[PDB]
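Undergrad: Next up, run32.pdb (PDB, C-alpha atoms).
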```
ATOM      1  CA  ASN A   2     -40.900  -0.677  21.576  1.00  0.00           C
ATOM      2  CA  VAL A   3     -41.513   1.634  24.565  1.00  0.00           C
ATOM      3  CA  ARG A   4     -40.446  -0.170  27.719  1.00  0.00           C
ATOM      4  CA  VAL A   5     -41.639   0.451  31.227  1.00  0.00           C
ATOM      5  CA  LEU A   6     -40.382  -0.918  34.519  1.00  0.00           C
ATOM      6  CA  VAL A   7     -42.906  -1.151  37.377  1.00  0.00           C
ATOM      7  CA  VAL A   8     -41.549  -1.714  40.894  1.00  0.00           C
ATOM      8  CA  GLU A   9     -44.365  -2.120  43.401  1.00  0.00           C
ATOM      9  CA  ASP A  10     -44.708  -4.599  46.269  1.00  0.00           C
ATOM     10  CA  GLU A  11     -48.499  -4.517  46.532  1.00  0.00           C
ATOM     11  CA  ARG A  12     -48.845  -7.172  43.837  1.00  0.00           C
ATOM     12  CA  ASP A  13     -52.435  -6.587  42.867  1.00  0.00           C
ATOM     13  CA  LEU A  14     -51.626  -2.903  42.254  1.00  0.00           C
ATOM     14  CA  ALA A  15     -48.349  -3.745  40.531  1.00  0.00           C
ATOM     15  CA  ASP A  16     -50.181  -6.104  38.235  1.00  0.00           C
ATOM     16  CA  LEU A  17     -53.036  -3.661  37.622  1.00  0.00           C
ATOM     17  CA  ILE A  18     -50.542  -1.032  36.434  1.00  0.00           C
ATOM     18  CA  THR A  19     -48.580  -3.560  34.422  1.00  0.00           C
ATOM     19  CA  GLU A  20     -51.582  -5.072  32.653  1.00  0.00           C
ATOM     20  CA  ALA A  21     -53.207  -1.674  32.063  1.00  0.00           C
ATOM     21  CA  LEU A  22     -50.016  -0.542  30.326  1.00  0.00           C
ATOM     22  CA  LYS A  23     -49.712  -3.806  28.355  1.00  0.00           C
ATOM     23  CA  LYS A  24     -53.263  -3.206  27.069  1.00  0.00           C
ATOM     24  CA  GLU A  25     -51.957   0.029  25.531  1.00  0.00           C
ATOM     25  CA  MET A  26     -49.095  -1.939  23.879  1.00  0.00           C
ATOM     26  CA  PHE A  27     -46.299  -0.912  26.157  1.00  0.00           C
ATOM     27  CA  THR A  28     -43.660  -3.545  26.848  1.00  0.00           C
ATOM     28  CA  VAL A  29     -43.567  -3.864  30.630  1.00  0.00           C
ATOM     29  CA  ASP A  30     -41.414  -5.619  33.228  1.00  0.00           C
ATOM     30  CA  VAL A  31     -42.773  -5.831  36.775  1.00  0.00           C
ATOM     31  CA  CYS A  32     -40.801  -6.281  40.037  1.00  0.00           C
ATOM     32  CA  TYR A  33     -42.397  -6.749  43.451  1.00  0.00           C
ATOM     33  CA  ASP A  34     -39.457  -5.695  45.642  1.00  0.00           C
ATOM     34  CA  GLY A  35     -36.566  -3.236  45.628  1.00  0.00           C
ATOM     35  CA  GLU A  36     -33.898  -5.893  45.281  1.00  0.00           C
ATOM     36  CA  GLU A  37     -35.031  -7.096  41.836  1.00  0.00           C
ATOM     37  CA  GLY A  38     -36.253  -3.513  41.192  1.00  0.00           C
ATOM     38  CA  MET A  39     -32.881  -2.031  41.797  1.00  0.00           C
ATOM     39  CA  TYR A  40     -31.191  -4.659  39.650  1.00  0.00           C
ATOM     40  CA  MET A  41     -33.533  -3.980  36.701  1.00  0.00           C
ATOM     41  CA  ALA A  42     -33.447  -0.230  37.098  1.00  0.00           C
ATOM     42  CA  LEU A  43     -29.642  -0.162  36.938  1.00  0.00           C
ATOM     43  CA  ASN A  44     -28.969  -2.902  34.451  1.00  0.00           C
ATOM     44  CA  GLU A  45     -31.720  -3.106  31.796  1.00  0.00           C
ATOM     45  CA  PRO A  46     -32.811  -0.264  29.496  1.00  0.00           C
ATOM     46  CA  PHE A  47     -36.227   1.275  29.953  1.00  0.00           C
ATOM     47  CA  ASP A  48     -37.987   4.357  28.619  1.00  0.00           C
ATOM     48  CA  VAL A  49     -39.754   5.103  31.894  1.00  0.00           C
ATOM     49  CA  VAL A  50     -39.509   3.634  35.394  1.00  0.00           C
ATOM     50  CA  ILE A  51     -42.392   3.640  37.882  1.00  0.00           C
ATOM     51  CA  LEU A  52     -41.407   3.216  41.515  1.00  0.00           C
ATOM     52  CA  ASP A  53     -43.304   3.183  44.783  1.00  0.00           C
ATOM     53  CA  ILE A  54     -41.753   5.435  47.419  1.00  0.00           C
ATOM     54  CA  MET A  55     -42.066   2.424  49.765  1.00  0.00           C
ATOM     55  CA  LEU A  56     -40.445  -0.850  48.742  1.00  0.00           C
ATOM     56  CA  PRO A  57     -38.689  -3.658  50.595  1.00  0.00           C
ATOM     57  CA  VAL A  58     -34.877  -3.868  50.520  1.00  0.00           C
ATOM     58  CA  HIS A  59     -34.417  -0.619  48.568  1.00  0.00           C
ATOM     59  CA  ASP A  60     -37.078   2.078  48.599  1.00  0.00           C
ATOM     60  CA  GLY A  61     -38.042   4.126  45.587  1.00  0.00           C
ATOM     61  CA  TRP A  62     -35.795   7.056  46.460  1.00  0.00           C
ATOM     62  CA  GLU A  63     -32.852   4.717  46.946  1.00  0.00           C
ATOM     63  CA  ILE A  64     -33.477   3.225  43.512  1.00  0.00           C
ATOM     64  CA  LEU A  65     -33.824   6.641  41.912  1.00  0.00           C
ATOM     65  CA  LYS A  66     -30.610   7.893  43.516  1.00  0.00           C
ATOM     66  CA  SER A  67     -28.675   4.777  42.477  1.00  0.00           C
ATOM     67  CA  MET A  68     -29.944   5.155  38.919  1.00  0.00           C
ATOM     68  CA  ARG A  69     -28.813   8.774  38.699  1.00  0.00           C
ATOM     69  CA  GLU A  70     -25.501   8.027  40.464  1.00  0.00           C
ATOM     70  CA  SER A  71     -24.887   5.327  37.819  1.00  0.00           C
ATOM     71  CA  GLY A  72     -25.684   7.568  34.841  1.00  0.00           C
ATOM     72  CA  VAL A  73     -29.130   6.135  34.208  1.00  0.00           C
ATOM     73  CA  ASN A  74     -31.235   9.188  33.490  1.00  0.00           C
ATOM     74  CA  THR A  75     -34.489   7.443  32.532  1.00  0.00           C
ATOM     75  CA  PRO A  76     -37.503   9.374  33.737  1.00  0.00           C
ATOM     76  CA  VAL A  77     -39.044   8.159  36.968  1.00  0.00           C
ATOM     77  CA  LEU A  78     -42.679   8.413  38.042  1.00  0.00           C
ATOM     78  CA  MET A  79     -42.819   7.981  41.823  1.00  0.00           C
ATOM     79  CA  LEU A  80     -46.030   6.589  43.331  1.00  0.00           C
ATOM     80  CA  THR A  81     -46.482   8.238  46.707  1.00  0.00           C
ATOM     81  CA  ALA A  82     -48.763   8.885  49.634  1.00  0.00           C
ATOM     82  CA  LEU A  83     -48.254  12.649  49.643  1.00  0.00           C
ATOM     83  CA  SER A  84     -47.562  15.410  47.134  1.00  0.00           C
ATOM     84  CA  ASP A  85     -43.999  16.552  46.330  1.00  0.00           C
ATOM     85  CA  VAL A  86     -44.689  19.791  48.207  1.00  0.00           C
ATOM     86  CA  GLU A  87     -45.903  17.812  51.264  1.00  0.00           C
ATOM     87  CA  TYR A  88     -42.648  15.795  51.251  1.00  0.00           C
ATOM     88  CA  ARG A  89     -40.475  18.879  50.673  1.00  0.00           C
ATOM     89  CA  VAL A  90     -41.999  20.730  53.639  1.00  0.00           C
ATOM     90  CA  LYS A  91     -41.122  17.671  55.770  1.00  0.00           C
ATOM     91  CA  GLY A  92     -37.523  17.733  54.527  1.00  0.00           C
ATOM     92  CA  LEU A  93     -37.613  15.027  51.855  1.00  0.00           C
ATOM     93  CA  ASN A  94     -36.563  16.167  48.382  1.00  0.00           C
ATOM     94  CA  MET A  95     -36.489  13.130  46.109  1.00  0.00           C
ATOM     95  CA  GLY A  96     -35.918  14.757  42.719  1.00  0.00           C
ATOM     96  CA  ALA A  97     -38.111  12.341  40.755  1.00  0.00           C
ATOM     97  CA  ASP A  98     -39.346  13.495  37.374  1.00  0.00           C
ATOM     98  CA  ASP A  99     -42.975  13.227  38.411  1.00  0.00           C
ATOM     99  CA  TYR A 100     -45.046  12.115  41.392  1.00  0.00           C
ATOM    100  CA  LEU A 101     -48.436  10.445  41.520  1.00  0.00           C
ATOM    101  CA  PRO A 102     -49.987  10.557  44.983  1.00  0.00           C
ATOM    102  CA  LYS A 103     -52.546   7.922  45.954  1.00  0.00           C
ATOM    103  CA  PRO A 104     -55.331   7.708  45.206  1.00  0.00           C
ATOM    104  CA  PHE A 105     -55.121   7.974  41.458  1.00  0.00           C
ATOM    105  CA  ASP A 106     -56.885   6.942  38.317  1.00  0.00           C
ATOM    106  CA  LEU A 107     -55.043   4.556  36.108  1.00  0.00           C
ATOM    107  CA  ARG A 108     -55.923   6.952  33.286  1.00  0.00           C
ATOM    108  CA  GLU A 109     -53.872   9.599  35.127  1.00  0.00           C
ATOM    109  CA  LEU A 110     -50.946   7.239  35.630  1.00  0.00           C
ATOM    110  CA  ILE A 111     -50.918   6.435  31.918  1.00  0.00           C
ATOM    111  CA  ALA A 112     -51.115  10.097  30.986  1.00  0.00           C
ATOM    112  CA  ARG A 113     -48.181  10.890  33.303  1.00  0.00           C
ATOM    113  CA  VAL A 114     -46.136   8.080  31.754  1.00  0.00           C
ATOM    114  CA  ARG A 115     -46.846   9.390  28.308  1.00  0.00           C
ATOM    115  CA  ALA A 116     -45.851  12.892  29.255  1.00  0.00           C
ATOM    116  CA  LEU A 117     -42.542  11.669  30.685  1.00  0.00           C
ATOM    117  CA  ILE A 118     -41.864   9.815  27.405  1.00  0.00           C
ATOM    118  CA  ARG A 119     -42.619  12.730  25.145  1.00  0.00           C
ATOM    119  CA  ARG A 120     -40.686  15.242  27.227  1.00  0.00           C
ATOM    120  CA  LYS A 121     -37.576  13.082  27.388  1.00  0.00           C
ATOM    121  CA  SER A 122     -37.581  11.801  23.843  1.00  0.00           C
ATOM    122  CA  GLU A 123     -34.601  12.921  21.764  1.00  0.00           C
ATOM    123  CA  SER A 124     -34.634  14.465  18.410  1.00  0.00           C
ATOM    124  CA  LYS A 125     -37.701  13.184  16.698  1.00  0.00           C
ATOM    125  CA  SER A 126     -38.927  13.109  13.139  1.00  0.00           C
ATOM    126  CA  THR A 127     -42.489  13.274  14.473  1.00  0.00           C
ATOM    127  CA  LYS A 128     -41.783  15.622  17.403  1.00  0.00           C
ATOM    128  CA  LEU A 129     -41.678  19.431  17.010  1.00  0.00           C
ATOM    129  CA  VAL A 130     -40.675  21.684  19.823  1.00  0.00           C
ATOM    130  CA  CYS A 131     -41.019  25.418  20.369  1.00  0.00           C
ATOM    131  CA  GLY A 132     -39.719  26.337  23.783  1.00  0.00           C
ATOM    132  CA  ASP A 133     -41.533  24.078  26.226  1.00  0.00           C
ATOM    133  CA  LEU A 134     -44.401  23.375  23.749  1.00  0.00           C
ATOM    134  CA  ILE A 135     -44.360  19.915  22.176  1.00  0.00           C
ATOM    135  CA  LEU A 136     -46.222  18.897  19.051  1.00  0.00           C
ATOM    136  CA  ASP A 137     -46.618  15.216  18.235  1.00  0.00           C
ATOM    137  CA  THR A 138     -46.933  15.554  14.500  1.00  0.00           C
ATOM    138  CA  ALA A 139     -47.615  11.837  14.170  1.00  0.00           C
ATOM    139  CA  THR A 140     -50.927  12.143  16.052  1.00  0.00           C
ATOM    140  CA  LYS A 141     -51.546  15.907  15.511  1.00  0.00           C
ATOM    141  CA  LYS A 142     -51.596  16.679  19.236  1.00  0.00           C
ATOM    142  CA  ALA A 143     -50.014  19.494  21.211  1.00  0.00           C
ATOM    143  CA  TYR A 144     -48.767  19.555  24.788  1.00  0.00           C
ATOM    144  CA  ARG A 145     -47.327  22.048  27.245  1.00  0.00           C
ATOM    145  CA  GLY A 146     -46.704  21.766  30.984  1.00  0.00           C
ATOM    146  CA  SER A 147     -47.194  17.976  30.763  1.00  0.00           C
ATOM    147  CA  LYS A 148     -50.821  18.566  29.671  1.00  0.00           C
ATOM    148  CA  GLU A 149     -52.523  18.028  26.315  1.00  0.00           C
ATOM    149  CA  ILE A 150     -53.811  21.217  24.792  1.00  0.00           C
ATOM    150  CA  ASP A 151     -57.363  20.877  23.628  1.00  0.00           C
ATOM    151  CA  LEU A 152     -56.989  22.292  20.142  1.00  0.00           C
ATOM    152  CA  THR A 153     -59.492  22.067  17.364  1.00  0.00           C
ATOM    153  CA  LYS A 154     -58.268  20.522  14.175  1.00  0.00           C
ATOM    154  CA  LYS A 155     -57.910  23.929  12.471  1.00  0.00           C
ATOM    155  CA  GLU A 156     -56.101  25.362  15.479  1.00  0.00           C
ATOM    156  CA  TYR A 157     -53.612  22.500  15.360  1.00  0.00           C
ATOM    157  CA  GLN A 158     -52.925  22.922  11.579  1.00  0.00           C
ATOM    158  CA  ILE A 159     -52.186  26.591  12.154  1.00  0.00           C
ATOM    159  CA  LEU A 160     -50.049  25.910  15.222  1.00  0.00           C
ATOM    160  CA  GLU A 161     -48.018  23.231  13.460  1.00  0.00           C
ATOM    161  CA  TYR A 162     -47.276  25.545  10.577  1.00  0.00           C
ATOM    162  CA  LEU A 163     -46.151  28.343  12.915  1.00  0.00           C
ATOM    163  CA  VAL A 164     -44.005  25.938  14.946  1.00  0.00           C
ATOM    164  CA  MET A 165     -42.481  24.376  11.820  1.00  0.00           C
ATOM    165  CA  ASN A 166     -41.528  27.948  10.977  1.00  0.00           C
ATOM    166  CA  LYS A 167     -40.804  29.113  14.503  1.00  0.00           C
ATOM    167  CA  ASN A 168     -39.207  32.507  14.996  1.00  0.00           C
ATOM    168  CA  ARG A 169     -40.198  33.568  11.470  1.00  0.00           C
ATOM    169  CA  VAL A 170     -43.213  35.762  10.881  1.00  0.00           C
ATOM    170  CA  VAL A 171     -45.781  34.036   8.711  1.00  0.00           C
ATOM    171  CA  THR A 172     -48.378  36.143   6.811  1.00  0.00           C
ATOM    172  CA  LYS A 173     -52.101  35.444   6.438  1.00  0.00           C
ATOM    173  CA  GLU A 174     -51.285  35.003   2.769  1.00  0.00           C
ATOM    174  CA  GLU A 175     -48.705  32.282   3.453  1.00  0.00           C
ATOM    175  CA  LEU A 176     -51.112  30.541   5.852  1.00  0.00           C
ATOM    176  CA  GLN A 177     -53.992  30.749   3.397  1.00  0.00           C
ATOM    177  CA  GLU A 178     -51.818  29.215   0.692  1.00  0.00           C
ATOM    178  CA  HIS A 179     -50.858  26.323   2.950  1.00  0.00           C
ATOM    179  CA  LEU A 180     -54.119  25.604   4.773  1.00  0.00           C
ATOM    180  CA  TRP A 181     -57.156  23.971   3.193  1.00  0.00           C
ATOM    181  CA  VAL A 187     -63.967  34.065   5.308  1.00  0.00           C
ATOM    182  CA  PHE A 188     -60.395  32.896   5.956  1.00  0.00           C
ATOM    183  CA  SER A 189     -59.259  36.463   6.615  1.00  0.00           C
ATOM    184  CA  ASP A 190     -61.977  36.984   9.194  1.00  0.00           C
ATOM    185  CA  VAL A 191     -61.673  33.709  11.093  1.00  0.00           C
ATOM    186  CA  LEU A 192     -57.849  33.564  11.168  1.00  0.00           C
ATOM    187  CA  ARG A 193     -57.705  36.305  13.837  1.00  0.00           C
ATOM    188  CA  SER A 194     -60.147  34.302  15.995  1.00  0.00           C
ATOM    189  CA  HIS A 195     -58.090  31.117  15.540  1.00  0.00           C
ATOM    190  CA  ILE A 196     -54.949  32.890  16.610  1.00  0.00           C
ATOM    191  CA  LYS A 197     -56.702  34.492  19.603  1.00  0.00           C
ATOM    192  CA  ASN A 198     -57.947  31.054  20.681  1.00  0.00           C
ATOM    193  CA  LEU A 199     -54.504  29.507  20.153  1.00  0.00           C
ATOM    194  CA  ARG A 200     -52.934  32.201  22.217  1.00  0.00           C
ATOM    195  CA  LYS A 201     -55.294  31.405  25.099  1.00  0.00           C
ATOM    196  CA  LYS A 202     -54.889  27.634  24.830  1.00  0.00           C
ATOM    197  CA  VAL A 203     -51.104  27.651  24.451  1.00  0.00           C
ATOM    198  CA  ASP A 204     -49.983  30.577  26.623  1.00  0.00           C
ATOM    199  CA  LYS A 205     -52.525  31.079  29.409  1.00  0.00           C
ATOM    200  CA  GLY A 206     -50.813  30.560  32.784  1.00  0.00           C
ATOM    201  CA  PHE A 207     -47.370  30.525  31.194  1.00  0.00           C
ATOM    202  CA  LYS A 208     -44.793  33.284  31.682  1.00  0.00           C
ATOM    203  CA  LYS A 209     -43.111  32.651  28.333  1.00  0.00           C
ATOM    204  CA  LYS A 210     -45.499  33.618  25.571  1.00  0.00           C
ATOM    205  CA  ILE A 211     -45.114  31.534  22.407  1.00  0.00           C
ATOM    206  CA  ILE A 212     -47.910  32.870  20.231  1.00  0.00           C
ATOM    207  CA  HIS A 213     -47.187  36.337  18.855  1.00  0.00           C
ATOM    208  CA  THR A 214     -48.896  38.682  16.462  1.00  0.00           C
ATOM    209  CA  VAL A 215     -47.195  41.312  14.323  1.00  0.00           C
ATOM    210  CA  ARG A 216     -50.024  43.797  13.787  1.00  0.00           C
ATOM    211  CA  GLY A 217     -51.102  43.984  10.183  1.00  0.00           C
ATOM    212  CA  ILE A 218     -48.412  41.528   9.054  1.00  0.00           C
ATOM    213  CA  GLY A 219     -48.770  38.050  10.429  1.00  0.00           C
ATOM    214  CA  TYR A 220     -48.131  35.627  13.228  1.00  0.00           C
ATOM    215  CA  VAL A 221     -45.176  33.861  14.763  1.00  0.00           C
ATOM    216  CA  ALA A 222     -44.477  31.116  17.292  1.00  0.00           C
ATOM    217  CA  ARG A 223     -41.479  32.259  19.321  1.00  0.00           C
ATOM    218  CA  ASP A 224     -38.955  30.582  21.576  1.00  0.00           C
ATOM    219  CA  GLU A 225     -36.217  33.181  21.386  1.00  0.00           C
TER     220      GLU A 225
END
```
Let me see the structure of the file written as C-alpha cells.
TA:
Amino acid sequence: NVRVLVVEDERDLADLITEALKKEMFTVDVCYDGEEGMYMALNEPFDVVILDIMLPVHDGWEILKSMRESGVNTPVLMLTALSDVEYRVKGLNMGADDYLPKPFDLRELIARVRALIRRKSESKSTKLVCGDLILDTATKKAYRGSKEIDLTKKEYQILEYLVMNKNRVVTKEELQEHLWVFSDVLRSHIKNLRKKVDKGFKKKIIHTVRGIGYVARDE
C-alpha cells in the first residue's frame, strides 16, 4: 500500500494530517521531531515524505538533504511559512519536490501528495504518459502540471485513445470505430481538449492534421 511519512512537531497538526490521510486509506507513519524523522526518512521505505521546514534536532531541509545524499529519492512535500520563490529570494534553495505554505486546506495537502505519487510512479499498467501529461487509466482522469484536467467523459475517451496511440495520426474514422453527428461534434471535442490540455503550456500535445485526423504528440 501507499506509504506516507509525516514529520511535524506541532502534534495536533501532525495528527490532523496523519488521520486525514489514513481516512483516505494511506498507510501513514508520524514522527514529532527530526531525530525520529530523520531515522525513518533514511531507513524505512515510503512513497512520499511530508516534512515541516522547522523541526527539532534536524530541520526539514536537513532531512531532505540527508535523504538525497543517501540515495533516497522519495518525493518530499515541504510544509512551510513562505513560498519557494520567497525563500529563494532570501537565499534558501531547498530543492524539495513541492512546497505547501501555511495556511492550507487539508484537501490541498492531499491533492499535492497525490500529484507527487503519480508523477514519480514508475512504469504503470494503469498509467499512460504523453510528454508531461499523465492519464490514470484506472480512474479515467488526466493530469498535467500537477493539476487535474477537468475533462468530460467523452473528452477523456478521445484523449486516452490518442495517448494510447501517441505520435500516430488517428482518423475520425478510426475514432468513430472505437468510440461509442459524430463528425460534427468531434472537431468541438478536439478544440476543447486542446484548450484543456495545452493552454498555458509551451509544449503542445494536441495536434490536428487538417482533413486527416488528430494526434497526441510528445516528439
Undergrad: Enter the distance from atom CA of residue A:15 to atom CA of residue A:145, in Å, rounded to one decimal.
TA: 29.0 Å
Undergrad: Hey, which of A:176, A:96, A:85, A:8 ends up closest to residue A:59? Count only C-alpha atoms.
TA: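 Ranked by minimum distance to residue A:59, first place goes to A:8.
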Undergrad: If I take atom CA of residue A:33 and atom CA of residue A:122, how far is one from the other in Å, to one decimal?
TA: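 Atom CA of residue A:122 lies at a distance of 27.4 Å from atom CA of residue A:33.
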Undergrad: Counting only C-alpha atoms, which residues of stretch 66-190 of chain A fall within 9 Å of stretch 44-48 of chain A, and what is the closest atom pair for each with its distance in Å at one decimal, ordered by chain and rising number, as JSON lines?
TA:
```
{"residue": "A:73", "atom": "CA", "partner": "A:46", "partner_atom": "CA", "distance": 8.8}
{"residue": "A:75", "atom": "CA", "partner": "A:48", "partner_atom": "CA", "distance": 6.1}
{"residue": "A:76", "atom": "CA", "partner": "A:48", "partner_atom": "CA", "distance": 7.2}
{"residue": "A:117", "atom": "CA", "partner": "A:48", "partner_atom": "CA", "distance": 8.9}
{"residue": "A:118", "atom": "CA", "partner": "A:48", "partner_atom": "CA", "distance": 6.8}
{"residue": "A:121", "atom": "CA", "partner": "A:48", "partner_atom": "CA", "distance": 8.8}
{"residue": "A:122", "atom": "CA", "partner": "A:48", "partner_atom": "CA", "distance": 8.9}
```
Undergrad: Deliver the residues from the most recent selection as a file, using C-alpha atoms, as a CSV table (one decimal), in the coordinates of the input.
TA:
```
chain,number,residue,atom,x,y,z
A,73,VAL,CA,-29.1,6.1,34.2
A,75,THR,CA,-34.5,7.4,32.5
A,76,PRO,CA,-37.5,9.4,33.7
A,117,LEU,CA,-42.5,11.7,30.7
A,118,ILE,CA,-41.9,9.8,27.4
A,121,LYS,CA,-37.6,13.1,27.4
A,122,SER,CA,-37.6,11.8,23.8
```
Undergrad: Can you turn the PyMOL selection byres ((chain A and resi 68) around 12) into a concrete residue list for this file, as a ChimeraX atom specification?
TA: /A:38-47,50,52,61-67,69-77,96-97
Undergrad: Atom CA of residue A:142 to atom CA of residue A:191: how many Å, to one decimal?
TA: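 It comes out at 21.4 Å.
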Undergrad: Would you list the contacts of residue A:200 as an MDAnalysis selection string, taking every protein, DNA or RNA residue within 8 Å and counting all atoms listed in the file, but skipping same-chain residues closer than 5 positions in sequence?
TA: chainID A and resid 205 211:213
Undergrad: Can you translate the PyMOL selection byres ((chain A and resi 138) around 9) into the concrete residues it hits in this file, as a list in words?
TA: residues 126, 127, 128, 129, 136, 137, 139, 140, 141, 142, 143 and 161 of chain A
Undergrad: Suppose we keep C-alpha atoms; can you now write the selection as an mmCIF file, keeping the file's coordinate frame?
TA:
```
data_model
loop_
_atom_site.group_PDB
_atom_site.id
_atom_site.type_symbol
_atom_site.label_atom_id
_atom_site.label_comp_id
_atom_site.auth_asym_id
_atom_site.auth_seq_id
_atom_site.Cartn_x
_atom_site.Cartn_y
_atom_site.Cartn_z
ATOM 1 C CA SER A 126 -38.927 13.109 13.139
ATOM 2 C CA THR A 127 -42.489 13.274 14.473
ATOM 3 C CA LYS A 128 -41.783 15.622 17.403
ATOM 4 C CA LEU A 129 -41.678 19.431 17.010
ATOM 5 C CA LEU A 136 -46.222 18.897 19.051
ATOM 6 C CA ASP A 137 -46.618 15.216 18.235
ATOM 7 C CA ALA A 139 -47.615 11.837 14.170
ATOM 8 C CA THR A 140 -50.927 12.143 16.052
ATOM 9 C CA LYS A 141 -51.546 15.907 15.511
ATOM 10 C CA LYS A 142 -51.596 16.679 19.236
ATOM 11 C CA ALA A 143 -50.014 19.494 21.211
ATOM 12 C CA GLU A 161 -48.018 23.231 13.460
#
```
Undergrad: Please evaluate the PyMOL selection byres ((chain A and resi 56) around 7) against the structure above and give the resulting residues as a PDB file with C-alpha atoms, keeping the file's coordinate frame.
TA:
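Written file, result.pdb:
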```pdb
ATOM      1  CA  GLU A   9     -44.365  -2.120  43.401  1.00  0.00           C
ATOM      2  CA  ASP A  10     -44.708  -4.599  46.269  1.00  0.00           C
ATOM      3  CA  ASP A  34     -39.457  -5.695  45.642  1.00  0.00           C
ATOM      4  CA  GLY A  35     -36.566  -3.236  45.628  1.00  0.00           C
ATOM      5  CA  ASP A  53     -43.304   3.183  44.783  1.00  0.00           C
ATOM      6  CA  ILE A  54     -41.753   5.435  47.419  1.00  0.00           C
ATOM      7  CA  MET A  55     -42.066   2.424  49.765  1.00  0.00           C
ATOM      8  CA  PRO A  57     -38.689  -3.658  50.595  1.00  0.00           C
ATOM      9  CA  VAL A  58     -34.877  -3.868  50.520  1.00  0.00           C
ATOM     10  CA  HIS A  59     -34.417  -0.619  48.568  1.00  0.00           C
ATOM     11  CA  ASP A  60     -37.078   2.078  48.599  1.00  0.00           C
ATOM     12  CA  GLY A  61     -38.042   4.126  45.587  1.00  0.00           C
TER      13      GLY A  61
END
```
Undergrad: Pick the closest to residue A:165 from A:107, A:223, A:196, A:187: which is it, counting only C-alpha atoms?
TA: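 Smallest distance to residue A:165 is found for A:223.
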Undergrad: Determine the nearest neighbour of residue A:169 from the options A:225, A:30, A:37, A:98, counting only C-alpha atoms.
TA: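 Closest to residue A:169, using only C-alpha atoms: A:225.
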Undergrad: Name the residues in contact with residue A:16 at a cut-off of 12 Å, using all atoms listed in the file, excluding same-chain residues fewer than 2 positions from it; report them as a VMD selection string.
TA: chain A and resid 6 to 14 18 to 24 29 to 33 107
Undergrad: Counting all atoms listed in the file, which of A:27, A:125, A:146, A:190 gets nearest to residue A:208?
TA: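 Closest to residue A:208 of all the choices is A:146.
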Undergrad: Which of these residues is nearest to residue A:112, using only C-alpha atoms: A:94, A:81, A:168, A:147?
TA: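 Counting only C-alpha atoms, the residue closest to residue A:112 is A:147.
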Undergrad: Of the candidates A:174, A:192, A:102, A:224, which one gets nearest to residue A:210 if we count all atoms listed in the file?
TA: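 Ranked by minimum distance to residue A:210, first place goes to A:224.
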Undergrad: Since the input lacks atoms, please generate N, CA, C and O atoms for stretch 93-104 of chain A and provide them as a PDB file, keeping the file's coordinate frame.
TA:
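See out_23.pdb below for the written result:
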```
ATOM      1  N   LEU A  93     -37.978  16.064  52.826  1.00  0.00           N
ATOM      2  CA  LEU A  93     -37.613  15.027  51.855  1.00  0.00           C
ATOM      3  C   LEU A  93     -37.749  15.534  50.445  1.00  0.00           C
ATOM      4  O   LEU A  93     -38.874  15.834  50.005  1.00  0.00           O
ATOM      5  N   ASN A  94     -36.628  15.688  49.746  1.00  0.00           N
ATOM      6  CA  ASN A  94     -36.563  16.167  48.382  1.00  0.00           C
ATOM      7  C   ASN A  94     -36.023  15.048  47.487  1.00  0.00           C
ATOM      8  O   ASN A  94     -34.799  14.846  47.379  1.00  0.00           O
ATOM      9  N   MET A  95     -36.916  14.326  46.829  1.00  0.00           N
ATOM     10  CA  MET A  95     -36.489  13.130  46.109  1.00  0.00           C
ATOM     11  C   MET A  95     -35.970  13.377  44.715  1.00  0.00           C
ATOM     12  O   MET A  95     -35.243  12.532  44.201  1.00  0.00           O
ATOM     13  N   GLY A  96     -36.352  14.463  44.089  1.00  0.00           N
ATOM     14  CA  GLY A  96     -35.918  14.757  42.719  1.00  0.00           C
ATOM     15  C   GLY A  96     -36.394  13.799  41.631  1.00  0.00           C
ATOM     16  O   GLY A  96     -35.735  13.641  40.622  1.00  0.00           O
ATOM     17  N   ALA A  97     -37.543  13.163  41.830  1.00  0.00           N
ATOM     18  CA  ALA A  97     -38.111  12.341  40.755  1.00  0.00           C
ATOM     19  C   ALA A  97     -38.656  13.229  39.662  1.00  0.00           C
ATOM     20  O   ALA A  97     -38.956  14.383  39.838  1.00  0.00           O
ATOM     21  N   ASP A  98     -38.849  12.676  38.481  1.00  0.00           N
ATOM     22  CA  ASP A  98     -39.346  13.495  37.374  1.00  0.00           C
ATOM     23  C   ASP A  98     -40.825  13.856  37.505  1.00  0.00           C
ATOM     24  O   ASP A  98     -41.295  14.886  37.005  1.00  0.00           O
ATOM     25  N   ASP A  99     -41.572  12.975  38.148  1.00  0.00           N
ATOM     26  CA  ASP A  99     -42.975  13.227  38.411  1.00  0.00           C
ATOM     27  C   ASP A  99     -43.399  12.378  39.592  1.00  0.00           C
ATOM     28  O   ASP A  99     -42.759  11.412  39.932  1.00  0.00           O
ATOM     29  N   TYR A 100     -44.502  12.779  40.208  1.00  0.00           N
ATOM     30  CA  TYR A 100     -45.046  12.115  41.392  1.00  0.00           C
ATOM     31  C   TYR A 100     -46.534  11.908  41.164  1.00  0.00           C
ATOM     32  O   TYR A 100     -47.216  12.786  40.623  1.00  0.00           O
ATOM     33  N   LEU A 101     -47.008  10.768  41.587  1.00  0.00           N
ATOM     34  CA  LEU A 101     -48.436  10.445  41.520  1.00  0.00           C
ATOM     35  C   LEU A 101     -48.915   9.986  42.892  1.00  0.00           C
ATOM     36  O   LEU A 101     -48.716   8.847  43.282  1.00  0.00           O
ATOM     37  N   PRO A 102     -49.477  10.909  43.658  1.00  0.00           N
ATOM     38  CA  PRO A 102     -49.987  10.557  44.983  1.00  0.00           C
ATOM     39  C   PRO A 102     -51.240   9.686  44.898  1.00  0.00           C
ATOM     40  O   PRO A 102     -52.031   9.780  43.956  1.00  0.00           O
ATOM     41  N   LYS A 103     -51.398   8.838  45.890  1.00  0.00           N
ATOM     42  CA  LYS A 103     -52.546   7.922  45.954  1.00  0.00           C
ATOM     43  C   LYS A 103     -53.610   8.753  46.626  1.00  0.00           C
ATOM     44  O   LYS A 103     -53.311   9.517  47.519  1.00  0.00           O
ATOM     45  N   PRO A 104     -54.890   8.632  46.228  1.00  0.00           N
ATOM     46  CA  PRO A 104     -55.331   7.708  45.206  1.00  0.00           C
ATOM     47  C   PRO A 104     -55.277   8.283  43.808  1.00  0.00           C
ATOM     48  O   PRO A 104     -55.373   9.443  43.620  1.00  0.00           O
TER      49      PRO A 104
END
```
